[PDB]
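Novice: pasting an experimental structure, sequence included:
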Amino acid sequence: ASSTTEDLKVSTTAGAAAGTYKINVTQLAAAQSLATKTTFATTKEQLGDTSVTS
Amino acid sequence: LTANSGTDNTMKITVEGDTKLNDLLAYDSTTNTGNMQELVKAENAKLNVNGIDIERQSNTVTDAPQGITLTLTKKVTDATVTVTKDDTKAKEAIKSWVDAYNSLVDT
Amino acid sequence: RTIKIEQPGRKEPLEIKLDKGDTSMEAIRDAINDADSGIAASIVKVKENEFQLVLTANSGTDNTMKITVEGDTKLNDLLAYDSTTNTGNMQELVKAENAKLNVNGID
Amino acid sequence: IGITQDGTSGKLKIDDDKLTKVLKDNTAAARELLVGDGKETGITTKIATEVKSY
């Protein structure tokens, strides 16, 4: 089946039953993000040294 | 540096030994304070179902629903979804099945 | 399993004759589907690691749901519920409510 | 269901409206009719077994 609303969509797989249900979302889903402080003036220089084998 | 999303999957990255990367990668996400800047702080999904509020982090869930997948792009309000049984696919499958017999009899 | 569900709307009460060895949850859904029962199981998502049950064929004071169990080790206590009291072990999305409209200047 | 063989031959003179009205009446009869248990009972199981024998 399909939902009346267009902003959020649902996809039904086999094995599910039929029935109406009303949903509420208070806060939109948020994805955690981690940033690294790699502020170098010139990144063209080799980040790792050639001495390290790995 | 984003491997995935979710507070359940806490990511701890270190360096055993490096010329420059050793000091670069030393940081703990649990303390939320460290050398590296944060673009998006730790935030969790929030919803209200069964008359009960849930702040749990996970965005996509398919275990509890047991046969529905929800894709969200924008915030929604009290969206009502009515599920209706479809039987035309069984109809076409039966029609192909009867056609197989008709072809067999013709042969 | 002995479950008797009655409403004033339908003269014939609903009763199931689930046989031994077919007590699984999916077996219960299959039996419900085979019986063509008015009671339907709608998809209600709370969160992961939670199992839930719904039993709502209709709504309204005209169609009141009287659910009884003749005898069961566990289901007799689980199925005890009164809609009139509005307080019980049976959780709800919204309180007892029906459709509401206005036509001919009358609600 | 409404699966009817031809009067003089084996062609299934299927009644489209009858089959449609029956399947909108109930699909459970179709589920329990030919599928059966699904493990061993059923037309498909015996046909496949006999073809593997052949």
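Specialist: Nice, thanks for sending it over. Residues are numbered from 1 along each chain as shown, chains lettered A, B, ... in the order given.
Novice: and the lengthiest strand in chain A, which strands flank it?
Specialist: Among all segments of chain A classified by DSSP state E, the strand with the greatest residue count is strand A:21-27. Strand A:21-27 has the following sheet partners, assigned by DSSP bridges: strand B:46-49 (antiparallel), strand B:79-81 (antiparallel).
Novice: buried residues in the shortest one?
Specialist: Read that as strand B:79-81. B:79, B:81 (16 or more other C-beta atoms under 10 Å in any protein chain shown). C-beta coordinates here come from the backbone N, C-alpha and C atoms, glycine included.
Novice: next: the first one.
Specialist: The neighbour-count check on strand B:46-49 (16+ other C-beta under 10 Å) flags B:46, B:47, B:49 as buried.
Novice: I figured residue B:95 hits residue D:23, correct?
Specialist: No. Using C-beta atoms under 8 Å, residue B:95 makes no contact with residue D:23, being 11.1 Å away.
Novice: tell me the one of the buried residues of strand B:46-49 nearest chain C?
Specialist: The shortest approach to chain C among the buried residues of strand B:46-49 belongs to residue B:49, at 5.6 Å (C-beta to the nearest C-beta).
Novice: any idea what the closest one is bridged to?
Specialist: Residues in beta-bridge contact with residue B:49 (DSSP bridges): residue B:52.
Novice: list the residues that contact the closest residue to residue B:41 other than its chain neighbours.
Specialist: Nearest in space to residue B:41, with sequence neighbours left out and distances taken as C-beta to C-beta, 6 or more residues apart in numbering or on different chains, is residue B:32 at 7.2 Å. Counting by C-beta atoms under 8 Å, 6 or more residues apart in numbering or on different chains, residue B:32 touches B:38, B:41, B:42.
Novice: buried ones among the residues you listed?
Specialist: Members of those classed as buried by 16+ other C-beta under 10 Å are residue B:42.
Novice: turn the contacts of residue B:32 into TSV, including distance to residue C:59 and secondary structure.
Specialist: Formatted as TSV, the contacts of residue B:32 follow (distance: C-beta to C-beta, whole Å; DSSP: H, G, I helix; E, B strand; the rest coil):
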residue	distance to residue C:59	secondary structure
B:38	48	coil
B:41	43	coil
B:42	41	coil
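Novice: quick one, what contacts the residue of chain D found nearest chain A?
Specialist: Closest contact between chain D and chain A, by C-beta to the nearest C-beta, is at residue D:27 (11.5 Å). For residue D:27, the contact set (C-beta under 8 Å, 6+ apart) comprises B:85, B:87, B:90, C:33.
Novice: so residue C:45 makes contact with residue B:65?
Specialist: Yes. Taking C-beta under 8 Å as the definition, residue C:45 is a contact partner of residue B:65 at 4.7 Å.
Novice: which of residue B:95 and residue D:23 has more neighbours?
Specialist: Under the criterion of other C-beta atoms under 10 Å in any protein chain shown, the comparison of residue B:95 against residue D:23 puts residue D:23 first, with 18 against 14.
Novice: run through the residues that contact residue B:69.
Specialist: A:10, A:11, A:13, B:60, B:62.
Novice: near chain C, which residues of chain A? Just list them.
Specialist: Residues of chain A found near chain C (C-beta under 8 Å from any C-beta of the partner chain) are A:16, A:17, A:18, A:19, A:20, A:21, A:22, A:23.
Novice: my error: substitute chain B in the last question.
Specialist: So far as C-beta under 8 Å from any C-beta goes, chain B lies against chain C at B:49-52, B:54, B:56, B:58, B:61, B:63-68, B:70, B:83.
Novice: identify, from those, the entry nearest to residue C:67.
Specialist: When the residues of chain B next to chain C are compared for distance to residue C:67 (C-beta to C-beta), residue B:50 wins out at 19.9 Å.
Novice: and the closest residue to that closest one other than its chain neighbours, how far is that from chain A?
Specialist: Leaving aside its chain neighbours, residue B:50 sits nearest to residue C:46 (5.4 Å; criterion: C-beta to C-beta, 6+ apart). To chain A, residue C:46 is 11 Å away according to C-beta to the nearest C-beta, to the nearest Å.
Novice: now the strands for chain D?
Specialist: Counting by DSSP E, chain D contains no strands.
Novice: for it, what lies in contact range of chain B?
Specialist: Within chain D, the positions lying close to chain B (C-beta under 8 Å from any C-beta) are D:1, D:3, D:6, D:9-12, D:14, D:19-20, D:23-24, D:27, D:30.
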